[PDB]
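Colleague: what would the 3D arrangement of this be:
(chains A, B, C and D)
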Protein chains: 4
Amino acid sequence: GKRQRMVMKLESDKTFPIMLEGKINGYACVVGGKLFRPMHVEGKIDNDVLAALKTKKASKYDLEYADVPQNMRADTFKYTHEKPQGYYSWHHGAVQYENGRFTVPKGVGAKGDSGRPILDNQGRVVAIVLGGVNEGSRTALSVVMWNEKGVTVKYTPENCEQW
Amino acid sequence: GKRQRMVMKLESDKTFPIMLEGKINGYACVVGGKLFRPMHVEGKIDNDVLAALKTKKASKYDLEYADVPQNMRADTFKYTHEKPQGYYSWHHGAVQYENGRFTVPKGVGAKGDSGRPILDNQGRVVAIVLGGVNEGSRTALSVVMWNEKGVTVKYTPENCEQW
Amino acid sequence: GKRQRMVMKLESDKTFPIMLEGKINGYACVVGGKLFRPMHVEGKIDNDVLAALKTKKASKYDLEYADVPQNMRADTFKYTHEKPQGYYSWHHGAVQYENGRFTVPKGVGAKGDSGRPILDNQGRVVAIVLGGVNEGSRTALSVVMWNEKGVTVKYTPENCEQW
Amino acid sequence: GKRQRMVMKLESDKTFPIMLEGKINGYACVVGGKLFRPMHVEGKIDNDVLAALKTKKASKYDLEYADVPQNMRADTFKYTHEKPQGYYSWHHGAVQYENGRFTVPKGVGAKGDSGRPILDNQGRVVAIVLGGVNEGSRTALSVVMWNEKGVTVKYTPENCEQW
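Modeller: Numbers count the residues shown, from 1 in each chain, chains lettered A, B, ... in the order given. Next comes the structure:
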């Protein structure tokens, strides 16, 4: 109920969709002065400022990143590495964090909702949704996250389908 | 209030947008049996009749022009050269004509609203908006117009940005 | 009235419009387990299932035509060889059938009107509209249809327009 | 629900389940004075007299025909060849017969319900269900039946699964 409204209030201005002949196939992320955007989502950036840049690539970690200018670094997402197990907020409701794995209940999940960040009860991004795999009743996510040392860890289960 | 409604009633059928993969970047003008369309706005004409033609180019004046057929010349805009100083109607409200210069108050003006004609209190096109430059609080326009002799004069201030 | 509403209920499920860049150019019909598409209409079928299927062409009868997948075979239209004189249904009102000629009262029928299946007093397709000509105060059509033997028959009046 | 009562009250005397380890795999049908049993169903006949027989094989039509003793020739299904279009009465409700094909609405039809007869509004067997394939919202059936000449005909749709 109110969780989706809080997601729409937090991700209103900072989330920009990716257009491809009128089709919405992905979402970029503006956090820490960086613009995260995946490889398989191909299209034009809806924002005029973020589209006229050059994104350095990382095909192993499946991420394109760039440098957000200084006049927009204050209006970004927050990020942290301290995460316990339990529940977190996602755009379609809740997501479970168990044994270092993000799980989403079924019914939701198609092609197009790639790049949506995972939020917490405070308002900090803990993961970035990149892919998903159907596991019985409860699907698992293939995402990226950080740690205490500062190494971007990409978690990928078996036989995932890119969204 | 009612000025925008009069602009929408006058520019309903005669104004056709320019599409580029679903994005509206410019507007052509059908006046005097001629189809005015700028250089920097690139895309396909939404009208089926106006798209299957050949437009003669003028890069110095920044105008492509063509010949509207006789079955559509009655449903065009009006044009004149007699203009006093003061106020005129524009799609986002009012525009000031002072010292032979068109000025628009700030807050409005982005990439995409190029080619909108400037109307008067009677319903005649006096100028065609091509570009704009931010001057203090009140922006100036880089437009084209006519005169009593019949020479198309292009007015361009310093350091303009094309829209 | 009443006749057009059940036709809208049928066309919402099985008649699929094509996707030109901003508009609709034609309508793919799914009848008997064989997808039909007119040739002069160019674009993309709205379903991603019906888009990937490669079509065979029949230039004498102006129709691309491929085979529909096995799940979709029950959810197709039905076709009838026997048509008596009188009144049949169509998306734009009613259509007269007289001396083997599907004719329509004028004012309707233009570009983007192609592949619309002419239904009957039961809900079965008897013809597929490909265009027509204005025969005075009442326009006739250029349809393909079927006969008792199982032979696709195309009728076309003089100087028809590919709608 | 009234037709299903008729089917159950006619199957209570003349239909025998083929049990393997107690689990139902198929149904022997005693129609017209001759025992019928499909090939791929494994198990034994529930009736003790019918289980001690020498069923002659017929591997093409997926049937194992036998003969009925003379004291049991009156306790058989009656049958016919006459089959106009419309509805017939299966074990789970109704079954549509259109264009020479028996179709059931989906969901029902799994491993075990094979060999069940299809009845008419008089109480005569017109088909014996062997298998079928799910064509989306409706399941076509692979049955054997008869004709006016007195010839056993098997119909088989594409990619049918043996039930």
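
Colleague: check contacts around residue A:111.
Modeller: By Cβ atoms under 8 Å, 6 or more residues apart in numbering or on different chains, the residues touching residue A:111 are A:25, A:163. Heads up, the C-betas are built off the backbone N, CA and C, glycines and all.

Colleague: separation between it and residue C:48?
Modeller: 9 Å (Cβ to Cβ, to the nearest Å).

Colleague: same question for residue A:121.
Modeller: 38 Å.

Colleague: what does residue A:30 give?
Modeller: 31 Å.

Colleague: the two: who's more crowded?
Modeller: Shown here are residue A:30 and residue C:48; by other Cβ atoms under 10 Å in any protein chain shown, residue A:30 has more neighbours (23 against 9).

Colleague: centre of the chain versus the helix or strand containing that one, how much separation?
Modeller: Assessed by DSSP states H and E, residue A:30 sits inside strand A:29-31. How far strand A:29-31 lies from its chain's middle: 9 Å, per Cα atoms, centre = their mean, to the nearest Å.

Colleague: got a list of contacts for that strand?
Modeller: A:14-16, A:35-37, A:50, A:68, A:72, A:75-79, A:115, A:117, A:125, A:128.

Colleague: just checking, what packs against the next helix or strand after it?
Modeller: Counting by DSSP H and E, the next helix or strand C-terminal to strand A:29-31 is strand A:34-36. Contacts defined by 3 or more Cβ pairs under 8 Å, 6 or more residues apart in numbering or on different chains; DSSP states H and E place strand A:34-36 against strand A:63-65.

Colleague: helices or strands up against the strand it packs on?
Modeller: strand A:34-36, strand A:56-58.

Colleague: residues near whichever residue of chain A sits closest to chain C, how many?
Modeller: Using Cβ to the nearest Cβ, the closest approach of chain A to chain C is made by residue A:21 at 8.1 Å. Residue A:21: 12 surrounding residues under other Cβ under 10 Å.

Colleague: tell me the contacts of it?
Modeller: Applying Cβ under 8 Å, 6+ apart, the residues near residue A:21 are B:21-22.

Colleague: please report the distance of it from residue B:18.
Modeller: From residue A:21 to residue B:18 the distance is 16 Å (Cβ to Cβ).

Colleague: equivalent analysis for residue A:43, please.
Modeller: 20 Å.

Colleague: and the helices and strands packed on strand A:63-65 as a markdown table, adding mean neighbour count?
Modeller: Listed next are the helices and strands packed on strand A:63-65 as a markdown table, based on neighbours: other Cβ atoms under 10 Å in any protein chain shown:
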| stretch | mean neighbour count |
| --- | --- |
| strand A:34-36 | 21 |
| strand A:56-58 | 11 |
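
Colleague: redo the ones you listed as CSV? Include distance to residue A:83.
Modeller: Formatted as CSV, the helices and strands packed on strand A:63-65 follow (distance: least, Cβ to Cβ, whole Å):
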stretch, distance to residue A:83
strand A:34-36, 18
strand A:56-58, 23
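
Colleague: so what's residue A:124 bridging to?
Modeller: Beta-bridge partners recorded for residue A:124 (DSSP bridges): residue A:78.

Colleague: mind listing the helices for chain A?
Modeller: A:2-10, A:48-51 (DSSP state H).

Colleague: other SSEs contacting the longest one?
Modeller: When you say that, I think you mean helix A:2-10. strand A:86-90, strand A:93-98.

Colleague: export the ones you listed to JSON lines and tack on mean neighbour count?
Modeller: Formatted as JSON lines, these follow (neighbours: other Cβ under 10 Å):
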{"stretch": "strand A:86-90", "mean neighbour count": "16"}
{"stretch": "strand A:93-98", "mean neighbour count": "16"}
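
Colleague: out of those strands, which gets nearest to chain B?
Modeller: Of all the helices and strands packed on helix A:2-10, strand A:86-90 sits nearest to chain B, with 28.3 Å by Cβ to the nearest Cβ.

Colleague: which other residues reach the closest one?
Modeller: Contacts to strand A:86-90, defined as Cβ under 8 Å, 6+ apart, come from residues A:3, A:6-7, A:94-97, A:102, A:104, A:116, A:118-121, A:126, A:129.

Colleague: closest to residue B:158 among those residues?
Modeller: The nearest member of the contacts of strand A:86-90 to residue B:158, counting by Cβ to Cβ, is residue A:116 at 44.9 Å.

Colleague: neighbours around that closest one, how many?
Modeller: If you count neighbours by other Cβ under 10 Å, residue A:116 ends up with 20.

Colleague: so it sits against residue A:26, correct?
Modeller: No - contact criterion Cβ atoms under 8 Å: residue A:116 and residue A:26 do not qualify, at 9.2 Å.

Colleague: who in chain A is up against chain B?
Modeller: Within reach of chain B by Cβ under 8 Å from any Cβ of the partner chain, chain A has these residues: A:19, A:21-22, A:44, A:48.

Colleague: report the two of those residues separated the most.
Modeller: Farthest apart among the residues of chain A next to chain B - using Cβ to Cβ - are A:21 and A:48, which lie 18.5 Å from each other.

Colleague: how much space between residue A:3 and residue C:33?
Modeller: 45 Å.

Colleague: check chain A for the residue nearest chain B and tell me.
Modeller: Counting by Cβ to the nearest Cβ, chain A gets nearest chain B through residue A:22, at 3.9 Å.

Colleague: is it true that that residue touches residue B:20?
Modeller: No - Residue A:22 is beyond contact range of residue B:20, at 11.3 Å (criterion: Cβ under 8 Å).

Colleague: show me which of the two is the more surrounded one.
Modeller: For residue A:22 versus residue B:20, the count of surrounding residues by other Cβ under 10 Å is larger for residue B:20: 15 against 12.

Colleague: ok, what's across the strand from the more buried one?
Modeller: residue B:23.

Colleague: end to end, how far does stretch A:68-85 reach?
Modeller: 32 Å (Cα to Cα, to the nearest Å).

Colleague: and the residue lying farthest from the centre of chain A, what does it touch?
Modeller: Largest separation from the mean C-alpha position in chain A: residue A:136, at 23.6 Å (Cα atoms, centre = their mean). The contact partners of residue A:136, by Cβ under 8 Å, 6+ apart, come to none.

Colleague: and it, backbone torsions?
Modeller: phi 70, psi -110 (degrees, to the nearest 10).

Colleague: ok, how many other residues are close to the nearest residue to residue A:163 once chain neighbours are set aside?
Modeller: Residue nearest to residue A:163 in three dimensions, not counting chain neighbours: residue A:114, with 4.2 Å by Cβ to Cβ, 6 or more residues apart in numbering or on different chains. Neighbourhood size, residue A:114 [other Cβ under 10 Å]: 21.

Colleague: quick one: residues contacting residue A:114.
Modeller: A:25-27, A:38, A:40-41, A:129-131, A:162-163.

Colleague: make it 6 Å
Modeller: A:26, A:41, A:163 (Cβ atoms under 6 Å, 6 or more residues apart in numbering or on different chains).

Colleague: check the gap between the residue of chain A closest to chain B and residue A:116 for me.
Modeller: For residue A:22, the distance to residue A:116 - Cβ to Cβ - is 20 Å.

Colleague: now do the residue farthest from the centre of chain A against residue A:105, distance only.
Modeller: Per Cβ to Cβ, residue A:136 is found 11 Å from residue A:105.

Colleague: from the contacts of strand A:86-90, which single one is nearest residue C:155?
Modeller: residue A:116 (54.5 Å).

Colleague: near chain D, which residues of chain A show up?
Modeller: By Cβ under 6 Å from any Cβ of the partner chain, no part of chain A sits against chain D.

Colleague: who's in contact with residue A:146?
Modeller: residue A:81.

Colleague: try it again at 8 Å.
Modeller: A:79, A:81, A:152-153.

Colleague: let me have these in CSV, extended by neighbour count and distance to residue D:145.
Modeller: Formatted as CSV, the contacts of residue A:146 follow (neighbours: other Cβ atoms under 10 Å in any protein chain shown; distance: Cβ to Cβ, whole Å):
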residue, neighbour count, distance to residue D:145
A:79, 15, 69
A:81, 12, 70
A:152, 13, 66
A:153, 12, 64
